[PDB]
Every structure is written in structure tokens, then in C-alpha cells.
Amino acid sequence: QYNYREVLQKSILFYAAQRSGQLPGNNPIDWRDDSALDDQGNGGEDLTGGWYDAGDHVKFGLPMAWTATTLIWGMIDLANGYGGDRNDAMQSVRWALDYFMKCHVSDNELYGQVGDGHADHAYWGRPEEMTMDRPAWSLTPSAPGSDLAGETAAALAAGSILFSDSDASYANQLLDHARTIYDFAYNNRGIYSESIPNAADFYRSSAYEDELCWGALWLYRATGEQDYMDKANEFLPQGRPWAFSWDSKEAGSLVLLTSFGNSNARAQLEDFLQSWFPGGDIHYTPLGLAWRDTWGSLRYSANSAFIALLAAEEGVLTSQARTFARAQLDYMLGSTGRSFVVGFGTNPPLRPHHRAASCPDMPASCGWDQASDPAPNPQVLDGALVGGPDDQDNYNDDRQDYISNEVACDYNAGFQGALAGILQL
């Protein structure tokens, strides 16, 4: 009934529209061009590239790295669902991985943010036309961040697995960085949003030990080296994960641990999933969305859908998990009578909260008037999953409602993999 493949193809285009830096010649987004070409570290290190996080122009390293790891995971384990779109998806995520390698300026220094979130948000306009100072902040032993660094290692290690067959030299570059960055994370303990306090209003980290587990598991998967499993076993998930997201890795670790034969983790994964199924502990809206929170409700559901599909591949609650994942993705695509995916389906959102998509065609000026205009965005941000409805299915397609209507890297990450998973059924 729904064209899941069309949505997956559009999701890849969303990531293309989030690119910072010197865009590739094959750039498919005609309203995006080169931008942030002076992004640099405090020693002059090149920090160009990466993805803008949301409807803004900050490069936030924790969600950017989680997005990459999560996207990569689906390309590894749901490869058949990706099908003829896998190579496109793989090329897309290189944008993030290459940036992470640039951020890793020396063994024990990792850039974790470029842009001041408050200053960035005070601008409305095209990223190509920014003129404000864009500070860069790094993690070091005296300013640690085991969470951001652990996630960055996870993404690189997952990348090494994905790219091993097609591009061994690239895989070996990724793994070398992943090892060194994980050592940094493990040997220098702290919350990155304490070390980079600008991030504490945007991507406040609740804990880092879940990233230490997650990163170790991915390095175990990438290397086969028992010491990484021993490290993962120091940080095993405790209790039921609240959700899977850029902040909490536990549900993801539960799937990986289950895949490696951890019996406790398999039971914990069952307990997580059953809560999200109908008649569990997660609120259901009347129209069938498994609703976790006010902000990014569709993201949280899609992230659980992705975990459910992966868990089903491990034989965990298999049919019910697949039924759940389909119900949630169908809510996103159209089951309520409208789409929540920009540029897709029936009555999609027209005014997602996104600076560049809000701007008219070049060469017209773009500024704060574009933020509040009741007209549709002039550019269509194809593929973006919006924040989504409240607990009673109410949703406003209002550009200024950045709870209902923002879009973000992390929002699309679980979603894109879930689409691949459904395409294998």
C-alpha cells in the first residue's frame, strides 16, 4: 500500500539537504550550495563538512554521530531491504564519517561542536550567507566526553564493518580512528555537555556509560577482540530503556548483546518491546501512534520501530515486533489520512521548521520574514520526518512550532533503517 522505497529514497535526499561545507558535484538539492567553508578548530584545523543538525546550522557531534551509527547499522543488518538504494545510502553517510575523522585532530583531542547554538538560532537565513562567528569546541583529557566520543567511535567502527568489502582502505582508516577515539572515551571519563556547556541547552547528555557499552560492542563487532566485550561487560544496560535515541543507547546495545548470546539482554529486550506494543506502558494515541514524548514523538516511535525490526531478526518477538514496526511507520506515512514526511504522500507537511527550506529561490533575500510566513516553504525538504503530534493526534503544520514541526538528523535515522527493514518483509 505505501511506497516505502520512495520514502527511503527521499530520506537519503534529506541528508543531502543537511550537508555543510563544499558540496559534491552531484549535489541533488538545487537550493543548497557551498557553505561554512571557514569552519575550523582553535589551532586552525579544517572542520568543514558534516551535517547541520536540524533546521539550524550547528554541527552537534553527539546526534550527528548517533545518526551515523544508526544509519550504518541498518545498512549492515537490513542490507537486503536497502536493495538498489544501498550504495546511495552508503555514499550519503560518508559525509558524516569523513567529518568525524577531521574532528579527531590528534589522539586525545576530538572536536564535538561547531557553532554556538544560541547565536546560530538568532539568525534566520541561508547557511550559504551566514556571517556570524562559529566557535568550535573540543574534548580533551581535561575536558572529557565519553558519551560524544564513544558514539563517534561507534559510528566509525560500524562504518569499518559496512565498508570493509567495497573499500578496505577506507574501512581500515575508520577503524584506526575508532580505536583511538574509544580509548580516549574510556580513559577520560565525563559528560561532554559539561565540557562543552553550550551543548547543555540543546543536546544535554544524561549519562555516558551507555555510550561506553555501545562503542565497545561496535568495536567488538568490528575487530573480534575479546577485550572490547570485556569492556562492554563493565557497562551493561540496567533496567528497561526509556527509549532509543541520540541520548540513550541501551536498547541498541540490547540488540547487539542479544546477537552475541547475552541471555539477560535478550530478556531485557523482550521487556522493552512488549511495553511499546499495544497494551503496554507506552501511551497510544487514539489513531495508533506509540507516543513517548511531546518533542519528536515520531522520532521516538521510529527509533523503537527500528529496534523492533532488528530484534525480530534475532528471533525476539518476531511477528509482533514486525506488526508494531509497520503500524508505526504507516502512521508516519499516511494511516491518519495525511503524511508526516515532507515531500511525500497525501497532504505532507508544507512548512517544516528549516531555515534553508524556508527561503525563496536565489537570488532573493532570505531573513526573519521567512520564519513566520504562513505560505508553504518555497523549497521542499523531501524525506524529512517532522516532530509529529501530541498525545491526542493533534498536529499543526506551522513553521514556528519547532516542537510539532522541526526536522533533524536524528529524527530520520531510525526511520530510514525501519523503512529498509519493512522493505525486507
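When you see a residue number, it is the position in the sequence shown, counting from 1.
Trainee: Quick check on the record: does 149-157 or 131-139 carry the larger mean Cα temperature factor?
Mentor: It is 131-139 that shows the higher mean C-alpha B-factor.
Trainee: Between 298-306 and 108-116, name whichever shows the higher mean Cα B factor according to the PDB entry.
Mentor: Higher of the two, by average CA B-factor, is 108-116.
Trainee: Looking at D165, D281, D271, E250, which has the highest CA B-factor as recorded?
Mentor: Across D165, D281, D271, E250, the entry lists the biggest C-alpha B-factor for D165.
Trainee: Looking at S275, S169, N262, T285, which has the biggest Cα B factor in the entry?
Mentor: Across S275, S169, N262, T285, the entry lists the biggest C-alpha B-factor for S169.
Trainee: Is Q40 in the lowest, middle or highest third of its chain when residues are ranked by C-alpha B-factor?
Mentor: According to the entry, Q40 has a C-alpha B-factor in the chain's highest third.
Trainee: Going by the entry, which third of its chain does the Cα temperature factor of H121 land in?
Mentor: Middle third.
Trainee: Would the CA B-factor of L97 place it in the lowest, middle or highest third of its chain?
Mentor: Middle third of the chain for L97's C-alpha B-factor.
Trainee: Could you say whether, by C-alpha temperature factor, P363 belongs to the lowest, middle or highest third of its chain?
Mentor: Highest third of the chain for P363's C-alpha B-factor.
Trainee: Compared with the other modelled residues in the chain, in which third is the CA B-factor of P237?
Mentor: Middle third - that is where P237 ends up once the chain's C-alpha B-factors are sorted.
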